[PDB]
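Here is upload.cif, consisting of mmCIF, N, CA, C and O atoms:
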```cif
data_run
#
loop_
_atom_site.label_atom_id
_atom_site.label_comp_id
_atom_site.auth_asym_id
_atom_site.auth_seq_id
_atom_site.Cartn_x
_atom_site.Cartn_y
_atom_site.Cartn_z
N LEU W 1 9.63 -44.77 -30.89
CA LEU W 1 9.77 -46.22 -31.19
C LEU W 1 8.42 -46.89 -30.98
O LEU W 1 7.48 -46.49 -31.66
N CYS W 2 8.28 -47.85 -30.06
CA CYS W 2 7.08 -48.62 -29.81
C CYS W 2 6.01 -47.75 -29.12
O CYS W 2 4.88 -47.70 -29.58
N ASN W 3 6.38 -47.04 -28.05
CA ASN W 3 5.53 -46.07 -27.36
C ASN W 3 5.38 -44.79 -28.22
O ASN W 3 6.23 -43.91 -28.14
N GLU W 4 4.34 -44.72 -29.06
CA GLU W 4 4.00 -43.57 -29.92
C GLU W 4 2.47 -43.47 -30.19
O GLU W 4 1.73 -44.39 -29.82
N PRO W 5 1.96 -42.37 -30.78
CA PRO W 5 0.52 -42.19 -31.06
C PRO W 5 0.02 -42.95 -32.30
O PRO W 5 0.78 -43.22 -33.23
N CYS W 6 -1.29 -43.23 -32.37
CA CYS W 6 -1.95 -43.96 -33.48
C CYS W 6 -3.46 -43.63 -33.65
O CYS W 6 -4.03 -42.83 -32.91
N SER W 7 -4.12 -44.24 -34.64
CA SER W 7 -5.56 -44.18 -34.93
C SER W 7 -6.18 -45.56 -35.24
O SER W 7 -7.40 -45.72 -35.18
N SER W 8 -5.37 -46.57 -35.59
CA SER W 8 -5.70 -47.98 -35.82
C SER W 8 -4.46 -48.88 -35.65
O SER W 8 -3.37 -48.40 -35.35
N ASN W 9 -4.60 -50.20 -35.77
CA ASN W 9 -3.51 -51.18 -35.61
C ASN W 9 -2.33 -51.00 -36.59
O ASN W 9 -1.16 -51.09 -36.23
N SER W 10 -2.66 -50.78 -37.86
CA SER W 10 -1.74 -50.69 -39.00
C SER W 10 -0.71 -49.58 -38.92
O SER W 10 0.39 -49.69 -39.46
N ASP W 11 -1.06 -48.55 -38.17
CA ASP W 11 -0.32 -47.36 -37.79
C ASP W 11 0.90 -47.67 -36.90
O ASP W 11 1.77 -46.82 -36.74
N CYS W 12 0.98 -48.89 -36.36
CA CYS W 12 1.99 -49.33 -35.40
C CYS W 12 2.70 -50.61 -35.86
O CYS W 12 3.56 -51.16 -35.16
N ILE W 13 2.33 -51.11 -37.04
CA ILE W 13 2.83 -52.28 -37.71
C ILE W 13 4.01 -51.84 -38.59
O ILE W 13 3.96 -50.81 -39.26
N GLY W 14 5.06 -52.65 -38.63
CA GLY W 14 6.24 -52.44 -39.48
C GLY W 14 7.18 -51.31 -39.03
O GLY W 14 8.40 -51.48 -39.05
N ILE W 15 6.63 -50.18 -38.56
CA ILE W 15 7.37 -49.04 -37.98
C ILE W 15 8.18 -49.47 -36.76
O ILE W 15 9.23 -48.91 -36.43
N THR W 16 7.67 -50.49 -36.08
CA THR W 16 8.17 -51.26 -34.97
C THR W 16 7.24 -52.50 -34.88
O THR W 16 6.16 -52.52 -35.47
N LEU W 17 7.63 -53.55 -34.16
CA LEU W 17 6.85 -54.77 -33.94
C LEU W 17 5.77 -54.59 -32.84
O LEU W 17 5.62 -55.44 -31.98
N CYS W 18 5.00 -53.49 -32.87
CA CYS W 18 4.03 -53.12 -31.81
C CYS W 18 2.61 -52.87 -32.36
O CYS W 18 2.05 -51.80 -32.18
N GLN W 19 2.00 -53.87 -33.01
CA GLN W 19 0.70 -53.78 -33.71
C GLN W 19 -0.53 -53.34 -32.88
O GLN W 19 -1.58 -53.04 -33.44
N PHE W 20 -0.41 -53.31 -31.56
CA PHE W 20 -1.53 -53.07 -30.66
C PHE W 20 -1.78 -51.60 -30.30
O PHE W 20 -1.43 -51.14 -29.22
N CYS W 21 -2.43 -50.87 -31.21
CA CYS W 21 -2.89 -49.49 -30.98
C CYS W 21 -3.98 -49.49 -29.89
O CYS W 21 -5.13 -49.85 -30.14
N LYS W 22 -3.60 -49.16 -28.65
CA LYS W 22 -4.44 -49.17 -27.45
C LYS W 22 -5.03 -47.79 -27.15
O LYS W 22 -4.54 -46.78 -27.63
N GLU W 23 -6.03 -47.76 -26.28
CA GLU W 23 -6.64 -46.54 -25.76
C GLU W 23 -6.48 -46.48 -24.24
O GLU W 23 -7.09 -47.26 -23.51
N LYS W 24 -5.66 -45.54 -23.77
CA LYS W 24 -5.41 -45.23 -22.36
C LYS W 24 -5.33 -43.72 -22.16
O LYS W 24 -5.48 -42.95 -23.10
N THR W 25 -5.10 -43.31 -20.92
CA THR W 25 -4.89 -41.91 -20.56
C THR W 25 -3.70 -41.76 -19.63
O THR W 25 -3.16 -42.72 -19.09
N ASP W 26 -3.31 -40.51 -19.52
CA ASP W 26 -2.31 -39.93 -18.65
C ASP W 26 -2.91 -39.80 -17.22
O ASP W 26 -3.84 -40.51 -16.83
N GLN W 27 -2.39 -38.89 -16.41
CA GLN W 27 -2.93 -38.56 -15.08
C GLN W 27 -4.06 -37.51 -15.11
O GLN W 27 -4.80 -37.34 -14.13
N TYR W 28 -4.22 -36.80 -16.23
CA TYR W 28 -5.16 -35.69 -16.41
C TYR W 28 -6.55 -36.22 -16.76
O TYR W 28 -7.55 -35.64 -16.32
N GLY W 29 -6.61 -37.36 -17.46
CA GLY W 29 -7.84 -37.96 -17.98
C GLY W 29 -8.02 -37.76 -19.49
O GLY W 29 -9.12 -37.94 -20.01
N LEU W 30 -6.96 -37.36 -20.20
CA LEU W 30 -6.96 -37.24 -21.65
C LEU W 30 -6.77 -38.61 -22.24
O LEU W 30 -5.67 -39.15 -22.31
N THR W 31 -7.85 -39.18 -22.71
CA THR W 31 -7.76 -40.45 -23.39
C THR W 31 -7.17 -40.19 -24.76
O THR W 31 -7.70 -39.41 -25.56
N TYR W 32 -6.11 -40.91 -25.05
CA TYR W 32 -5.41 -40.89 -26.31
C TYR W 32 -5.22 -42.32 -26.83
O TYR W 32 -5.34 -43.31 -26.09
N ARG W 33 -4.94 -42.45 -28.13
CA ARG W 33 -4.70 -43.72 -28.80
C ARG W 33 -3.21 -43.86 -29.08
O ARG W 33 -2.61 -43.03 -29.77
N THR W 34 -2.60 -44.86 -28.47
CA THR W 34 -1.15 -45.11 -28.47
C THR W 34 -0.78 -46.55 -28.74
O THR W 34 -1.39 -47.48 -28.20
N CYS W 35 0.27 -46.74 -29.52
CA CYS W 35 0.88 -48.02 -29.84
C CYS W 35 1.41 -48.68 -28.56
O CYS W 35 2.25 -48.11 -27.85
N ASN W 36 0.92 -49.88 -28.23
CA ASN W 36 1.38 -50.71 -27.12
C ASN W 36 2.01 -52.02 -27.63
O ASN W 36 1.76 -52.47 -28.75
N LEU W 37 2.80 -52.67 -26.77
CA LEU W 37 3.37 -53.98 -27.00
C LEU W 37 2.32 -55.09 -27.19
O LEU W 37 2.59 -56.08 -27.87
N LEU W 38 1.13 -54.91 -26.60
CA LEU W 38 0.02 -55.88 -26.52
C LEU W 38 -1.38 -55.26 -26.52
O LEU W 38 -1.50 -54.05 -26.31
N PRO W 39 -2.45 -56.05 -26.74
CA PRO W 39 -3.83 -55.57 -26.67
C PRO W 39 -4.31 -55.43 -25.21
O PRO W 39 -3.54 -55.00 -24.31
#
```

As structure tokens:
Amino acid sequence: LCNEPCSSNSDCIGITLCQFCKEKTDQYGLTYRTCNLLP
């Protein structure tokens, strides 16, 4: 749903109301690009 992977904003638009493709990591330090509720 909203919590899923991305590469830009548009990747998270319409699929759900979560336009904010953010960059965070897990506990390991793997930075990944994921759809968030906000910027």

Return as a PDB file with N, CA, C and O atoms, in the frame of the given file the set of residues that the PyMOL selection byres (((chain W and resi 11 and name CA) around 12) and name CA) yields on the displayed structure.
```
ATOM      1  N   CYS W   2       8.280 -47.850 -30.060  1.00  0.00           N
ATOM      2  CA  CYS W   2       7.080 -48.620 -29.810  1.00  0.00           C
ATOM      3  C   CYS W   2       6.010 -47.750 -29.120  1.00  0.00           C
ATOM      4  O   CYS W   2       4.880 -47.700 -29.580  1.00  0.00           O
ATOM      5  N   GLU W   4       4.340 -44.720 -29.060  1.00  0.00           N
ATOM      6  CA  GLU W   4       4.000 -43.570 -29.920  1.00  0.00           C
ATOM      7  C   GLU W   4       2.470 -43.470 -30.190  1.00  0.00           C
ATOM      8  O   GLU W   4       1.730 -44.390 -29.820  1.00  0.00           O
ATOM      9  N   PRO W   5       1.960 -42.370 -30.780  1.00  0.00           N
ATOM     10  CA  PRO W   5       0.520 -42.190 -31.060  1.00  0.00           C
ATOM     11  C   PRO W   5       0.020 -42.950 -32.300  1.00  0.00           C
ATOM     12  O   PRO W   5       0.780 -43.220 -33.230  1.00  0.00           O
ATOM     13  N   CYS W   6      -1.290 -43.230 -32.370  1.00  0.00           N
ATOM     14  CA  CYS W   6      -1.950 -43.960 -33.480  1.00  0.00           C
ATOM     15  C   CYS W   6      -3.460 -43.630 -33.650  1.00  0.00           C
ATOM     16  O   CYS W   6      -4.030 -42.830 -32.910  1.00  0.00           O
ATOM     17  N   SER W   7      -4.120 -44.240 -34.640  1.00  0.00           N
ATOM     18  CA  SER W   7      -5.560 -44.180 -34.930  1.00  0.00           C
ATOM     19  C   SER W   7      -6.180 -45.560 -35.240  1.00  0.00           C
ATOM     20  O   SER W   7      -7.400 -45.720 -35.180  1.00  0.00           O
ATOM     21  N   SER W   8      -5.370 -46.570 -35.590  1.00  0.00           N
ATOM     22  CA  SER W   8      -5.700 -47.980 -35.820  1.00  0.00           C
ATOM     23  C   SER W   8      -4.460 -48.880 -35.650  1.00  0.00           C
ATOM     24  O   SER W   8      -3.370 -48.400 -35.350  1.00  0.00           O
ATOM     25  N   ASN W   9      -4.600 -50.200 -35.770  1.00  0.00           N
ATOM     26  CA  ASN W   9      -3.510 -51.180 -35.610  1.00  0.00           C
ATOM     27  C   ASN W   9      -2.330 -51.000 -36.590  1.00  0.00           C
ATOM     28  O   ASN W   9      -1.160 -51.090 -36.230  1.00  0.00           O
ATOM     29  N   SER W  10      -2.660 -50.780 -37.860  1.00  0.00           N
ATOM     30  CA  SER W  10      -1.740 -50.690 -39.000  1.00  0.00           C
ATOM     31  C   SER W  10      -0.710 -49.580 -38.920  1.00  0.00           C
ATOM     32  O   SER W  10       0.390 -49.690 -39.460  1.00  0.00           O
ATOM     33  N   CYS W  12       0.980 -48.890 -36.360  1.00  0.00           N
ATOM     34  CA  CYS W  12       1.990 -49.330 -35.400  1.00  0.00           C
ATOM     35  C   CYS W  12       2.700 -50.610 -35.860  1.00  0.00           C
ATOM     36  O   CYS W  12       3.560 -51.160 -35.160  1.00  0.00           O
ATOM     37  N   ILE W  13       2.330 -51.110 -37.040  1.00  0.00           N
ATOM     38  CA  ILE W  13       2.830 -52.280 -37.710  1.00  0.00           C
ATOM     39  C   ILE W  13       4.010 -51.840 -38.590  1.00  0.00           C
ATOM     40  O   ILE W  13       3.960 -50.810 -39.260  1.00  0.00           O
ATOM     41  N   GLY W  14       5.060 -52.650 -38.630  1.00  0.00           N
ATOM     42  CA  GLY W  14       6.240 -52.440 -39.480  1.00  0.00           C
ATOM     43  C   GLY W  14       7.180 -51.310 -39.030  1.00  0.00           C
ATOM     44  O   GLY W  14       8.400 -51.480 -39.050  1.00  0.00           O
ATOM     45  N   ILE W  15       6.630 -50.180 -38.560  1.00  0.00           N
ATOM     46  CA  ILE W  15       7.370 -49.040 -37.980  1.00  0.00           C
ATOM     47  C   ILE W  15       8.180 -49.470 -36.760  1.00  0.00           C
ATOM     48  O   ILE W  15       9.230 -48.910 -36.430  1.00  0.00           O
ATOM     49  N   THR W  16       7.670 -50.490 -36.080  1.00  0.00           N
ATOM     50  CA  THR W  16       8.170 -51.260 -34.970  1.00  0.00           C
ATOM     51  C   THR W  16       7.240 -52.500 -34.880  1.00  0.00           C
ATOM     52  O   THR W  16       6.160 -52.520 -35.470  1.00  0.00           O
ATOM     53  N   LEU W  17       7.630 -53.550 -34.160  1.00  0.00           N
ATOM     54  CA  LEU W  17       6.850 -54.770 -33.940  1.00  0.00           C
ATOM     55  C   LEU W  17       5.770 -54.590 -32.840  1.00  0.00           C
ATOM     56  O   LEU W  17       5.620 -55.440 -31.980  1.00  0.00           O
ATOM     57  N   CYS W  18       5.000 -53.490 -32.870  1.00  0.00           N
ATOM     58  CA  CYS W  18       4.030 -53.120 -31.810  1.00  0.00           C
ATOM     59  C   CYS W  18       2.610 -52.870 -32.360  1.00  0.00           C
ATOM     60  O   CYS W  18       2.050 -51.800 -32.180  1.00  0.00           O
ATOM     61  N   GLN W  19       2.000 -53.870 -33.010  1.00  0.00           N
ATOM     62  CA  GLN W  19       0.700 -53.780 -33.710  1.00  0.00           C
ATOM     63  C   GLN W  19      -0.530 -53.340 -32.880  1.00  0.00           C
ATOM     64  O   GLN W  19      -1.580 -53.040 -33.440  1.00  0.00           O
ATOM     65  N   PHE W  20      -0.410 -53.310 -31.560  1.00  0.00           N
ATOM     66  CA  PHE W  20      -1.530 -53.070 -30.660  1.00  0.00           C
ATOM     67  C   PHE W  20      -1.780 -51.600 -30.300  1.00  0.00           C
ATOM     68  O   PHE W  20      -1.430 -51.140 -29.220  1.00  0.00           O
ATOM     69  N   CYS W  21      -2.430 -50.870 -31.210  1.00  0.00           N
ATOM     70  CA  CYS W  21      -2.890 -49.490 -30.980  1.00  0.00           C
ATOM     71  C   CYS W  21      -3.980 -49.490 -29.890  1.00  0.00           C
ATOM     72  O   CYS W  21      -5.130 -49.850 -30.140  1.00  0.00           O
ATOM     73  N   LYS W  22      -3.600 -49.160 -28.650  1.00  0.00           N
ATOM     74  CA  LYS W  22      -4.440 -49.170 -27.450  1.00  0.00           C
ATOM     75  C   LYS W  22      -5.030 -47.790 -27.150  1.00  0.00           C
ATOM     76  O   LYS W  22      -4.540 -46.780 -27.630  1.00  0.00           O
ATOM     77  N   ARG W  33      -4.940 -42.450 -28.130  1.00  0.00           N
ATOM     78  CA  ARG W  33      -4.700 -43.720 -28.800  1.00  0.00           C
ATOM     79  C   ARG W  33      -3.210 -43.860 -29.080  1.00  0.00           C
ATOM     80  O   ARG W  33      -2.610 -43.030 -29.770  1.00  0.00           O
ATOM     81  N   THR W  34      -2.600 -44.860 -28.470  1.00  0.00           N
ATOM     82  CA  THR W  34      -1.150 -45.110 -28.470  1.00  0.00           C
ATOM     83  C   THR W  34      -0.780 -46.550 -28.740  1.00  0.00           C
ATOM     84  O   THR W  34      -1.390 -47.480 -28.200  1.00  0.00           O
ATOM     85  N   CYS W  35       0.270 -46.740 -29.520  1.00  0.00           N
ATOM     86  CA  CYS W  35       0.880 -48.020 -29.840  1.00  0.00           C
ATOM     87  C   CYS W  35       1.410 -48.680 -28.560  1.00  0.00           C
ATOM     88  O   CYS W  35       2.250 -48.110 -27.850  1.00  0.00           O
ATOM     89  N   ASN W  36       0.920 -49.880 -28.230  1.00  0.00           N
ATOM     90  CA  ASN W  36       1.380 -50.710 -27.120  1.00  0.00           C
ATOM     91  C   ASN W  36       2.010 -52.020 -27.630  1.00  0.00           C
ATOM     92  O   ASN W  36       1.760 -52.470 -28.750  1.00  0.00           O
TER      93      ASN W  36
END
```

When DSSP is applied to the backbone of this structure, which of chain W are assigned strand (DSSP E or B)? Write them out as a CSV table (one decimal) with N, CA, C and O atoms, keeping the file's coordinate frame.
```csv
chain,number,residue,atom,x,y,z
W,5,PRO,N,2.0,-42.4,-30.8
W,5,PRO,CA,0.5,-42.2,-31.1
W,5,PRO,C,0.0,-43.0,-32.3
W,5,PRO,O,0.8,-43.2,-33.2
W,20,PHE,N,-0.4,-53.3,-31.6
W,20,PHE,CA,-1.5,-53.1,-30.7
W,20,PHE,C,-1.8,-51.6,-30.3
W,20,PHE,O,-1.4,-51.1,-29.2
W,21,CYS,N,-2.4,-50.9,-31.2
W,21,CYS,CA,-2.9,-49.5,-31.0
W,21,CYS,C,-4.0,-49.5,-29.9
W,21,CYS,O,-5.1,-49.8,-30.1
W,22,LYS,N,-3.6,-49.2,-28.6
W,22,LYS,CA,-4.4,-49.2,-27.4
W,22,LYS,C,-5.0,-47.8,-27.2
W,22,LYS,O,-4.5,-46.8,-27.6
W,23,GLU,N,-6.0,-47.8,-26.3
W,23,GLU,CA,-6.6,-46.5,-25.8
W,23,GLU,C,-6.5,-46.5,-24.2
W,23,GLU,O,-7.1,-47.3,-23.5
W,24,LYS,N,-5.7,-45.5,-23.8
W,24,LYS,CA,-5.4,-45.2,-22.4
W,24,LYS,C,-5.3,-43.7,-22.2
W,24,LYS,O,-5.5,-43.0,-23.1
W,25,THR,N,-5.1,-43.3,-20.9
W,25,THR,CA,-4.9,-41.9,-20.6
W,25,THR,C,-3.7,-41.8,-19.6
W,25,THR,O,-3.2,-42.7,-19.1
W,31,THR,N,-7.8,-39.2,-22.7
W,31,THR,CA,-7.8,-40.4,-23.4
W,31,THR,C,-7.2,-40.2,-24.8
W,31,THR,O,-7.7,-39.4,-25.6
W,32,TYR,N,-6.1,-40.9,-25.0
W,32,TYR,CA,-5.4,-40.9,-26.3
W,32,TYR,C,-5.2,-42.3,-26.8
W,32,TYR,O,-5.3,-43.3,-26.1
W,33,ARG,N,-4.9,-42.4,-28.1
W,33,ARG,CA,-4.7,-43.7,-28.8
W,33,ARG,C,-3.2,-43.9,-29.1
W,33,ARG,O,-2.6,-43.0,-29.8
W,34,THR,N,-2.6,-44.9,-28.5
W,34,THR,CA,-1.2,-45.1,-28.5
W,34,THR,C,-0.8,-46.6,-28.7
W,34,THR,O,-1.4,-47.5,-28.2
W,35,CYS,N,0.3,-46.7,-29.5
W,35,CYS,CA,0.9,-48.0,-29.8
W,35,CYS,C,1.4,-48.7,-28.6
W,35,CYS,O,2.2,-48.1,-27.8
W,36,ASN,N,0.9,-49.9,-28.2
W,36,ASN,CA,1.4,-50.7,-27.1
W,36,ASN,C,2.0,-52.0,-27.6
W,36,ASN,O,1.8,-52.5,-28.8
```

Report, in Å to a single decimal, how far apart atom N of residue 3 of chain W and atom C of residue 38 of chain W are.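 Result for atom C of residue 38 of chain W versus atom N of residue 3 of chain W: 11.4 Å, one decimal.
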
I need the helix (DSSP H, G or I) residues of chain W per DSSP on the backbone, written as number ranges by chain. W: 9-12

Find the axis-aligned box for segment 21-32 of chain W, covering all its listed atoms and adding 6 Å on each side, and write its centre and edge lengths in Å to one decimal as AutoDock Vina command-line options.
```
--center_x -5.7 --center_y -43.3 --center_z -22.7 --size_x 18.8 --size_y 27.2 --size_z 29.1
```
